[PDB]
Amino acid sequence: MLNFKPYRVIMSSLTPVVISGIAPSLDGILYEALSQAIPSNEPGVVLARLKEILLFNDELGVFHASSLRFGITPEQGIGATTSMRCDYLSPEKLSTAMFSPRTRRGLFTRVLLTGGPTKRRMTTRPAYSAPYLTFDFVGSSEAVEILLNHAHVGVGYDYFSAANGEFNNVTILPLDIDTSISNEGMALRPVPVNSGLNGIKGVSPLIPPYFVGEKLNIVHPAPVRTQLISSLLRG
Amino acid sequence: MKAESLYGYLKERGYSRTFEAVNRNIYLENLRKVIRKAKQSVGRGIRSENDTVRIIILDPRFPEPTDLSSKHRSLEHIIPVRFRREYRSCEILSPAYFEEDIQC
Amino acid sequence: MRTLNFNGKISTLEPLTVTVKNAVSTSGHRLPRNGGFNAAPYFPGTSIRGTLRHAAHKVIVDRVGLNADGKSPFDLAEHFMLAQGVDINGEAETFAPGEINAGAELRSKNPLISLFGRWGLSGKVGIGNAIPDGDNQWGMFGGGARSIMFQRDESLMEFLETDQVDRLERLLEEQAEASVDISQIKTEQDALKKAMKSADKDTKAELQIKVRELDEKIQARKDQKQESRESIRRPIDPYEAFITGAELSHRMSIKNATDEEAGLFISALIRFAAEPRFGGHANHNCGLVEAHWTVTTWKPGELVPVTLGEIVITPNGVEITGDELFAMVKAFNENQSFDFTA
Amino acid sequence: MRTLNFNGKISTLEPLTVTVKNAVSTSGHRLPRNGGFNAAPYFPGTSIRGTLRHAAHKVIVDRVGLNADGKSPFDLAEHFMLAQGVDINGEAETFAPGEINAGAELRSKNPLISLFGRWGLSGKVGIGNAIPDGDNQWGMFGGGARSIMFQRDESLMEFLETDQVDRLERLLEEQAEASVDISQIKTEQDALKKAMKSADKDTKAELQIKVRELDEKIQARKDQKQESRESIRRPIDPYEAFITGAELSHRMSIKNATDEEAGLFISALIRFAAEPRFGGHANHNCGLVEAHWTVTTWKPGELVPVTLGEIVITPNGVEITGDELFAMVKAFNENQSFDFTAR
DNA sequence: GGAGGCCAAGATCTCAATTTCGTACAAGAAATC
DNA sequence: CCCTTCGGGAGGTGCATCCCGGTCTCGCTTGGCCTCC
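As summarised from the PDB record, the model derives from cryo-EM at a stated resolution of 2.9 Å.

This is the structure:
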């Protein structure tokens, strides 16, 4: 419970952003940041404390936190890059000092890295590498700024593990019109189907975390949205 | 020589950082001194709550509002937080060509 | 249970390079850049995360020690569970999907699997990327040429017996003639890549396979060398690294943390400081880093960072600062009920 | 099995230089740069590592002994294996990934390969770049100009018969005419090199092909010089080098160094001290260096490393302090279980 | 005689080439060790 | 206590190299075969 203003947050993307089908919502980033800030993972309490720094639409059941929208400058644009996570079974990893290989005549059975459950998993994921990441939200600038600057949260998939979509130089600029939920009838974040907002149909929980809770039908924006950084800083 | 001599300090005190690293550290320290000095300069502007100042920064290197990746972006901190909105909406004497690029 | 954010700088002692398939292309070895060539490279957080997971695994191995037989108690299944979190023998607790705070028993008993997760158990350590602070903090390091030893030092020919000096002469002859042949084939290949640009798609169904058969001819010619399969006089391609003494901003975090998990992480950092190497090209001593991490935590309830200490890893030593970090390390050293096996 | 970090300084006795194909361009000869044109030049770790690898190869050759004539028992393939890690036979045992203790036997029986590695076998030795200390400390050395011997001193001309004197006359006239023609062609080529900047990719292409055929015209003009293909009198392009007395901070590591492997490395440093030459332009005595290293080991899990000793290489000798380095050298020297010969 | 491990075989293919450069000053007070 | 001097003339040319030689891989299962339990 605190006075909440429409803010647009623009940050410099330092690593490619991996989008999990639905565009990463700023409310999910803030939920992770709060889960880190209050050392408790329970969705209920973290949500309860997220409402104190984000406006929550009760009649619509969503947080006023627009989805990810890439800010592209005339010099750098939205690009297609691959976030590549590859097993590195080093010789030091592959050594008797760390484990006891099954032996046959004093020879150690080599790990079959080619295939099988012990393979060198070369997982490639689509990632988007734009110069800037932008979100819009109706909230307290102070708390969200502190969280995004100091909480270990990125934009996209598994920022903890893959370090995807890391950002720095978080800049918050106040907006004149609330562009978090709706904009000329185009949904700017996951919103329920019945809201009358048009976009792309999908299945996902409305409130974060977006990997627990019944996946009800929702309308969400285009996963990859691009705007000129000048158009975004115009306000 | 501050960079060189400070490098001598770190070298003889055992710290291993190359001379170019000390050059960078000295550069960043000086740039933060420049930020403080320019903040003082802008503070000259307004002293009374009724003061109205038209600040004209004629340096080309002062970051443009649209250039969030500009090299001297920290200089944007010179403007007080409260007056950052007029910083974003500021008349540019000699701006740099923008366009209507269809790939927006 | 505290979220520990290690916000800090990595100063590079020897150039820091990493090979990523997407970043590296035929044009040369380039760092991950997140954009065009003019973009700013970043050292992946994946490489640092894997290196620190390996360090933590080694810390766990040392703490466990060896059996009476002098063999690590870990088998291949446990080793791959601790090292890369892949269950090979399909014997792992498949936690239900919708409880976030699941596996508390495994987290308590196994702090390595707690910090760095397994498949199906979210890890607690988010290791962010080492972002360079500057604009010209990368460079094409390495590079050179694998020089024929006997064409540089003539004295080394006094060791070769004549039946091997003629072998060397044959090797140089074969290298030279195979290399002009491969050069001609490459000249045809690039001429064909020029011709691709005037594609009308009547020829293209043939041109790409023609290119492929030229590559096959190249491989055949390399196979034809009787004395040496690969040319020795190779100009080594440079690899893109972060300059020596590059100040890279690094953000690492542990999520809600029992004293034991944070202690294990700090011990992993203390063991990584023995060989502070990130990335490959270790032949050129690449990866040697020294980093100062300011360990901040969040005040209970309040949104403010309190500084609990600093982890200054340097060639001269590891300076753990802050009584609370020492308390975490001591907690990890004690609490010997950890059961890393399965 | 200790991780020895040699941290030290390479003082320069004569200019330290290296020509790396990537760094040098048509603008001239430039030292390998620490990430940018306006960067501190660094001596590549590659050159130091190769010099030390050849020093260690010579150490192993002398240790294995020389036959009556002076030939080592190693064949050519073994020498290439030891010095450059290239197997010409292809019999070198490729370690399929996933092989536990990959090359532990080869490492035990081949200390040199264990140190400097191979294809698919990690080299325990990492030889880092030598970065300079302090601004400047690099400059354009060499330079000057090859000069016609007989136009500098006429006393060398009394040693030539009349036919040879007329041969020199023809050589000089040919050089002058070729210089004039090539200079005209190069002025046209330079007009094209200015025209580059309007690099419309198609005009860039045609202009580049025009520069190519102008180069072929130059080569053909020089091919029609009966007496001398190359101009005898010509300015020597300077090479960038680290000045004499330059201090270059250097870091080397031996990861998991057995006493035998570290003893071999120290013996390689000892033998390198005999000819402590790094880089090229050795005709100008470039590369001579005196280097002092502090060897520090770091038992993993301990907050501080312990200094085993110090290796100082100077023109007056190699000073080794610390009993540990002596014990390692003696352990390497007194082990007879190194089958350096290929399997 | 069954159970591990090493090694060869299996269909064609999908794509894109940067071209170095920071920063250029003033003075507050003084019983200084 | 005096009183610090004017000026003169600043190059001419050469020649700017030749050449190497640019790698293996590998992210999968599967059975055939070869040795051990």
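What follows concerns the overall build of chain A. When its secondary structure is counted, chain A shows four helices and 16 strands. Along the first, second and third principal axes, the C-alpha set of chain A runs to 75 × 45 × 35 Å. Counting all 235 residues of chain A, 56% fall into the buried class. When the accessible surface of chain A is summed, it comes to about 9500 Å², and 56% of that surface belongs to carbon and sulfur atoms. Separation between the mean location of the 20 positive side-chain charges and that of the 18 negative ones in chain A comes to 16 Å.

Let us look at a negative patch on the surface. Residues and elements named next belong to chain D. Together, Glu 161, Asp 163, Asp 166, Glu 169, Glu 173 and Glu 177 make up a negatively charged patch on the protein surface. Relative to the elements of secondary structure, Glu 177 occurs in helix α6 (residues 162-195). A residue is classified by how much of its surface remains accessible, and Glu 177, at 46% relative accessible area, is partly exposed.

Structurally, C:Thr244 is set in the loop between β5 (238-242) and β6 (247-254). A relative accessible area of 1% means that C:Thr244 is categorised as buried. For C:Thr244, the residues in contact, after removing those within four places along its chain, are B:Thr18, C:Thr12, C:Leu13, C:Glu14, C:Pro15, D:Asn34 and D:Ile131.

Okay, the UniProt feature "coiled-coil region" (unreviewed entry) in chain C next. The feature "coiled-coil region" (unreviewed entry), as annotated in UniProt, sits at residues 168-231 of chain C in this numbering. Summarising residues 168-231 of chain C: 77% helix, 0% strand, and an end-to-end C-alpha distance of 13 Å.

With that out of the way, let us pick up the protein's contact with DNA strand E. For DNA strand E, the set of nearby residues contains 14 residues, the closest of which are A:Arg102, A:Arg110, B:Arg61, B:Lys71 and C:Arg212. Here DNA strand E approaches the protein such that, of its atoms within 4 Å, sugar and phosphate make up 57%. The contact in question runs from a phosphate oxygen of DNA strand E to an N or O atom on the side chain of A:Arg102, over 2.3 Å. Along the lines of polarity and charge, the residues of the surface near DNA strand E split into three nonpolar, five polar and six charged.

Not every one of the 34 residues close to DNA strand F is listed here, only the nearest: A:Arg105, A:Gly116, A:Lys119, C:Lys21 and D:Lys186. Contact distances for DNA strand F include 3.2 Å between a sugar or linking oxygen and a side-chain N or O atom of D:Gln175. Between DNA strand F and D:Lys186 there is a distance of 2.5 Å, counted from a phosphate oxygen to a side-chain nitrogen or oxygen. When its residues are assigned to classes, the surface near DNA strand F shows seven nonpolar, ten polar and 17 charged.

Bringing unusual backbone geometry into the picture now. Backbone geometry follows two general trends: most residues other than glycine have a negative phi, and most peptide bonds adopt the trans configuration. The amide bond that connects A:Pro208 to the next residue, A:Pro209, takes the cis arrangement and shows omega of -5 degrees. Counting through the fold element by element, A:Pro209 comes out in the loop between β14 (200-203) and β15 (217-220). A positive phi angle, close to 75 degrees, is found at C:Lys201, a residue other than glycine. Among the structural elements, C:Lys201 can be located in the loop between α6 (162-195) and α7 (204-224). Taking relative accessible area as the criterion, C:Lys201 reaches 69% and is therefore assigned exposed.

A few words now on the side chain of A:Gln36. In this fold, A:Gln36 is placed in helix α1 (residues 26-37). One polar contact links the side chain of A:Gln36 to the main-chain carbonyl oxygen of A:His152, over a distance of 3.0 Å. For A:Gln36, the side chain forms a polar contact with the side chain of C:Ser253, separated by 3.4 Å.

Let us now look at helix α1 (residues 2-12) of chain B. Three or more residues of α1(B) are buried, namely B:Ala3, B:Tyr7 and B:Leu10. Buried residues in α1(B), looked at end-on, bunch into an arc of 60 degrees, giving them a common side. Buried positions along α1(B) lie against α2 (19-45) of chain B together with β4 (131-132) and β9 (247-257) of chain D. Within two residues after α1(B), B:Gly14 carries a phi angle of roughly 95 degrees, on the positive side.

Looking now at α6(D). Every α-helix winds through 3.6 residues per turn, so residues three or four apart in the chain are directed the same way. Across its 34 residues, α6(D) extends 49 Å between first and last C-alpha, which sits within 8% of the 50 Å expected from 1.5 Å per residue. Those residues of α6(D) lying buried are D:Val165, D:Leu168, D:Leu171, D:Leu172, D:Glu174, D:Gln175, D:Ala178, D:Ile182, D:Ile185, D:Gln189 and D:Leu192.

Attention shifts here to the interface of chain C and chain A. Taken together, the contact between chain C and chain A spans 49 residues of the former and 53 residues of the latter. In terms of surface lost to chain A, no three residues of chain C exceed C:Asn34, C:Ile100 and C:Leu303, which account for 16% of the buried area on that side. Linking chain C to chain A there are one salt bridge. For the salt bridge of C:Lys255 with A:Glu32, the shortest nitrogen-to-oxygen distance reads 2.8 Å. Connecting chain C to chain A are 19 residue pairs in polar contact. Elements with a minimum of two residues in the side of chain C that touches chain A: α1 (45-64), α2 (76-84), β3 (125-132) and β6 of chain C. With seven residues, α1(C) is the single largest residue contributor to the side of chain C that touches chain A. For the side of chain C that touches chain A, the residue count by class is 18 nonpolar, 20 polar and eleven charged.

Residues and elements named next belong to chain A. Contact pair α1 / helix α2 (residues 43-50): the axes reach a minimum separation of 9 Å and the direction vectors enclose 110 degrees. Classified by the interaxial angle, the pair formed by α1 and α2 is roughly perpendicular. Considering only the axes of α1 and α2, their crossing is right-handed. Facing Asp 27, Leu 30, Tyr 31, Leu 34 and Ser 35 of α1, the residues of α2 in contact are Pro 43, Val 46, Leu 47, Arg 49 and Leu 50. Of the residues contributing to the contact of α1 with α2, the split by class is seven nonpolar, one polar and two charged.

Now for the packing of helix α1 (residues 45-64) of chain D against helix α8 (residues 259-274) of chain D. All names here are of chain D. Where α1 meets α8, the axes come as close as 8 Å, and the angle between the chain directions of the two elements is 100 degrees. Here α8 runs roughly perpendicular to α1, going by the angle between their axes. Across from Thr 51, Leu 52, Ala 55, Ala 56, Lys 58, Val 59, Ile 60 and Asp 62 in α1, the residues of α8 making contact are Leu 264, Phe 265, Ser 267, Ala 268, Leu 269, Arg 271 and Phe 272. Looking at the contact of α1 with α8 residue by residue, the class counts come to ten nonpolar, two polar and three charged.

Glancing now at the nonpolar core. Within soluble globular proteins, side chains that are nonpolar tend to cluster in buried spots. Membership of the largest hydrophobic core comes to 78 residues, with the highest contact counts inside it found for C:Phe6, C:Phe265, C:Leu269 and C:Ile311. Each residue touching C:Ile311, except ones within four places of it in the same chain, is listed here: C:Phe6, C:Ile266, C:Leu269, C:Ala291, C:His292, C:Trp293, C:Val295, C:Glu319, C:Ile320 and C:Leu325.

Thresholds applied
Residues numbered from 1 in each chain as written, not as in the entry; some residues may be left out. Chains lettered and ligands numbered in written order. Part of a larger assembly, values for the part shown. Heavy atoms only, no water. Helix = DSSP H or I, 4+ residues; strand = E, 2+ residues; numbered from the N terminus. Buried < 20%, exposed > 50% of the residue type's maximum accessible area, 1.4 Å probe, protein only. Areas by Shrake-Rupley, 256 points an atom, 1.4 Å probe, with all protein chains shown as cover. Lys, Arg positive; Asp, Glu negative; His and termini not counted. Charge placed at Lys NZ, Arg CZ, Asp CG, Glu CD. Patch = residues over 30% accessible without salt bridge, like charges linked within 9 Å, V, L, I, M, F, W, Y side chains within 5 Å. Salt bridge = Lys/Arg side-chain N within 4 Å of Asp/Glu carboxyl O. Contact = heavy atoms within 4.5 Å. UniProt positions renumbered as here; feature names shortened; annotations may be inferred. Near = heavy atom within 4 Å. Polar contact = N/O pair within 3.5 Å; in protein donor to acceptor, adjacent residues only side chain to side chain. Nonpolar A, V, L, I, M, F, W, Y, C, P; charged D, E, K, R; others polar. Arc of directions from axis to C-beta. Expected span 1.5 Å × (residues − 1). Buried area = accessible area lost by both parts, 1.4 Å probe. Axes fitted to C-alpha atoms, helices over the stretch in contact; angles between N-to-C directions. Parallel < 35°, antiparallel > 145°, perpendicular 65-115°, else oblique. Left-handed = near helix turned anticlockwise from the far one by under 90°. Core = buried A, V, L, I, M, F, W, Y, C linked by side-chain atoms within 4.5 Å.

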